[PDB]
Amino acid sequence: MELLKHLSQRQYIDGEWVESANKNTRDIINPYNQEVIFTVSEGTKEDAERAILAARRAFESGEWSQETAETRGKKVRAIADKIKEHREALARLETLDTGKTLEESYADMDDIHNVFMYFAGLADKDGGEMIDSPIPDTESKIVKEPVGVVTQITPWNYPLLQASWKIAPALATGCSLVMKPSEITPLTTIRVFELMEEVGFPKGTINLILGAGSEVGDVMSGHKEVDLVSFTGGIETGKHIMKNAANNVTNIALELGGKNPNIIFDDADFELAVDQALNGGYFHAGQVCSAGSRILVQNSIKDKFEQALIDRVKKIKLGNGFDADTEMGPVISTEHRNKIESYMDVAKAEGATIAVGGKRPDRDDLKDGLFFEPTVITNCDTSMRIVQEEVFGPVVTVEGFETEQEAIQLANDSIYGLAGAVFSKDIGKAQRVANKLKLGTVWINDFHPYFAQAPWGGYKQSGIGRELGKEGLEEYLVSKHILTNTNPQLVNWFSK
């Protein structure tokens, strides 16, 4: 690729592109063919610490934290414009690094532009409140300040998208940040740091660490100079991060995936429900925190639905994300493919049926890549691990339900709470169901939509906090009550 020839291979710490302190590197792979496409620095825990201290120094200097909100918004808008300027190259880089189709990558770049633009526009819209004090002769106000130094850890599935959800509000509010992308997908994050450097930020305001979570993650979540740890990734890693953050009573924001229900009533638009069940299950080979992996279909149409879904799954076009005909790319890594494979064994052992798929494809052009066939698992129930646990692959389970009440009970019967859908032409019924689902986002007759204007996050074990919207911006602010006594008098409680 033309693009890689000019892309930085280094970390960005305190205004400089720097190698790892130990000079180590890591080879980055294209999951389509398992070929090494780039080599980047693999940073140390001391590099992460230096970045955090630089972020703290920059925060205390006030160069960004005391800049006007209006000016901060103009700089965030400049980032947005660079994303659009470089839309094609960024999308290509994301497809090369993550394997998803170019069309999916273009959608991400449009969303990223809009995320930065939304937060640019929100930057100067709310500085706090005046309170009508209950104490005569006092003035009470609540001022909103940037939370401080923030550490930000992003996942491999949508690297630049998830990075934008964190960077945009942090910069808009005046925070300093240290970001570490997934060790296996750093390309677009490196590129966005180049673009941010072009816009221009005070030294130490933005920092990029590259490397293994196992090497630098503990410093990023446990350092005393951090005010907020924002992590998007796996549940076990998230819980560890939160336990680390507790050592300094540090604010945490977590987005950890889900077991997202796709509820299809017998009065759904049937062909729409089939289309959206495929979309829910198989976009990005199901490697989506909000993938519709748990299909709940009304008993009366269950057989019809399974036959239609299976017939379509057999036609899904696997291939290179750069090829126009491809509908589904490979999964991200050998380890991840192996995990998906292990879940097939679990499903069968529990008594479920692998109705279609469940193996690596044999076709010659797919043999060198990390492909896994789109899969439908039938004859399963809520007690099963395959239904309860997040596989994060191109796999859906299908369960039947008899009544609206049973659909709700089954949908809520998981440890998760991120997103889900209800399909029915009876909008009143869909609305009743939506109000009873313990999910951060519920779609009525759709699957997948998210946008900067609305908060995204989970109930239960799917996370803590929200990203996007006004609530997303609030994670990056802290409230201070300043109370002035305008006619102070001695209390005279203690003897004189």
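Throughout, we count residues from 1 along the sequence that is shown. For clarity, a rigid core is taken as the largest C-alpha set superposing within 1.5 Å between two forms.
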* Structure fact -> Higher Cα RMS in 4 other deposited structures of this protein relative to the shown form (core alignment), 205-213 or 358-366, goes to 205-213
* To do: Rigid core fitted first, then name the stretch among 281-289 and 143-151 whose C-alphas deviate most from the displayed form in 4 other deposited structures of this protein.
  => 281-289
* Structure fact -> Comparing mean C-alpha B factor in the record for 300-308 and 272-280, the higher one is 300-308
* Structure fact -> Comparing mean C-alpha B factor in the record for 148-156 and 83-91, the higher one is 83-91
* With respect to the C-alpha temperature factors reported in the PDB entry, which of 63, 446, 70, 471 ranks highest? -> 63
* Asked: Taking the values straight from the PDB record, which of 194, 227, 124, 218 has the highest C-alpha temperature factor?
  -> 218
* B-factor third for the C-alpha atom of residue 361 within its chain -> highest
* With respect to C-alpha B-factor, does residue 20 fall in the lowest, middle or highest third of the chain as deposited? -> middle
* Split the chain's modelled residues into thirds by Cα B-factor; is residue 53 in the lowest, middle or highest one? -> middle
* To do: Determine, from the deposited record, the chain-internal third of the Cα B-factor for residue 181: lowest, middle or highest.
  => lowest
* Divide the modelled residues of the chain into thirds by Cα B-factor and specify which third, lowest, middle or highest, holds residue 114. => lowest
